[PDB]
Amino acid sequence: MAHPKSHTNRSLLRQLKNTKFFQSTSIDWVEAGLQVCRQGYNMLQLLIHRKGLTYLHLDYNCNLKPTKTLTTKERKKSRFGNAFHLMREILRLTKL
Amino acid sequence: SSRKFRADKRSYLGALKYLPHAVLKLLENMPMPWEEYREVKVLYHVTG
Amino acid sequence: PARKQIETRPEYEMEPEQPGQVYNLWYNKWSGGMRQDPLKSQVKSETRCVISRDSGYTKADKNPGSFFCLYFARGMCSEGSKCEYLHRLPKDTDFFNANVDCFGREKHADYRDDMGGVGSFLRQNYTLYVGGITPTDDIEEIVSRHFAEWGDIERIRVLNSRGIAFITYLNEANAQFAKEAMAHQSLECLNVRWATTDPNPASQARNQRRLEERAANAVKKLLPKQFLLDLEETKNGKXXXXXXXXXXXXXXXXXXXXXXX
Amino acid sequence: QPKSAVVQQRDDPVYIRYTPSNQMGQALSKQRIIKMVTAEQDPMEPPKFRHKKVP
RNA sequence: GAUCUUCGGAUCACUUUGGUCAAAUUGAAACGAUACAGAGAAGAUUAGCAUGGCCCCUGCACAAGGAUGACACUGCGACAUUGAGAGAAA
RNA sequence: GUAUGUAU
Ligand SMILES: [Mg+2]
Ligand SMILES: [Mg+2]
Ligand SMILES: [Mg+2]
Ligand SMILES: [Mg+2]
């Protein structure tokens, strides 16, 4: 344990609140859980489609799987990476 | 799906960067057993 | 005033290529086998507009610097009477500027491969490339009947060997307008595309000559009156004495001489 | 570094006067005071253009 | 409108509009279908590392892969002559 | 008969 460094407070979540692109409101927890769980579903879908990788579909339970069954040439395009998958499986937890 | 929000779609990926940070604020708020529901506060991107 | 050609409108839903186009949420199109069916095979329009019948007053007419409605030329402008954009043909007065197509849509760098609905701002085209049906030699009576309505023409060419037409136009605004209206109509659907430079040297020189003439007319308003007075004076004289006299008097240069006297 | 969330507002409206130089002709001057302002970039939007490689 | 106060007269509040189309064939991915051909190192089989960019995909990656990812040239010449013989032009 | 490219 280090003894903490002197610094001014950054705080991300109050910078975003100071631009005109974010608004504030108060709601129920479970609503805003679903909100996220959805938001993330789409944010992956839009990434999957922008790559034109449209023969795989994520289940609504963050479960990725192929439909077509692919050539080796069409698999190398799929091969999503160490990040996206980690990001995904962190969603699978949030959903539960 | 619809074209009416074909603008947003650029930002929507832009959000992805700050998803892991949304998970973490959410779970550090989980309501606890004795509570029936819990009200919270929020920042949303007006883009949804 | 105005006519709302279709009050109702069209709502888009589809499953083309039956077993799964999927739909790419990123760019709203479907994706599957038979890309050749998407490249060719465009289906006939449900309506075409009639100029004299449909055209009228609008909310735009009151506003000085408006554009025309794209859906008017298509012949389906659901608003019609209370439409925001103009419901007429482009005249010589309407004008517009370089980077803007008559319908308001911005121009681009340098064309499409398959020649789309808008053209480049680097070269000017008063022309139109078509692909039409061929009954007999009364085709030219049919072509001249329809295309003449959309605007003032310069010259209709109709090659009978290959069912194609290079239709130039007087005002460039009519050309952009004409292409949309003619396109996707029957006389298969007519095919409308921007024209590549016509083959051979002589024809290009003839076109270059026309464009140069167009530029000269545009410049002509700009030039000084004395310069204007001259070329005109010289042509009439075709004078020498007058010129000599002028020279003697002279002996911001004009301004300086004016300032002295 | 793209400076995530770190969004700064150069929020002084820069005022200017613009003396035009008889462009086509006609009206000449006036001087016209422009008022510049910086539209404040949405935090999210990723890069707006690709990396074109040219010799 | 509200608060003072002569019916005059104050005082408080001040210019919106994140727009690549205004209505999904002709202005923002290509892949896919089909046909051909069908995988470096001078017998044949075979690991690889590099090498150079107007070739690029996967990848958080200044790891690593993708056939060793794929593609990859090698006449000229800064011209002397010698000595002899034959030819046409001054 | 694909890995990998050429043509419509
Ligand atoms: Mg390698
Ligand atoms: Mg090998
Ligand atoms: Mg290998
Ligand atoms: Mg190599």
# chains A, B, ... in the order shown; residues from 1 in each chain; ligands from 1

$ residues_around --residues "residue 24 of chain E" --least-positions-apart "3" --cutoff "10 Å" --atoms "only C-alpha atoms (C1' of nucleotides)" --output "list in words"
residues 2 and 3 of chain B; 11, 12, 13, 28 and 29 of chain C

$ residues_near_ligand --ligand "ligand 3" --cutoff "12 Å" --atoms "only C-alpha atoms (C1' of nucleotides) and all ligand atoms" --output "MDAnalysis selection string"
(chainID E and resid 47:48 64:69) or (chainID F and resid 3)

$ interface_residues --of "chain A" --to "chain B" --cutoff "12 Å" --atoms "only C-alpha atoms" --output "MDAnalysis selection string"
chainID A and resid 12:50 83:84 86:96

$ select_by_dssp --residues "segment 40-251 of chain C" --states "alpha helix (DSSP H)" --output "ChimeraX atom specification"
/C:51-54,59-62,70-74,139-150,172-182,201-220,225-237,240-250

$ select_by_dssp --residues "chain D" --states "strand (DSSP E or B)" --output "ChimeraX atom specification"
/D:14-17,33-36

$ closest_residue --among "E:89, E:41, E:72, E:56" --to "ligand 2" --atoms "only C-alpha atoms (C1' of nucleotides) and all ligand atoms"
E:41
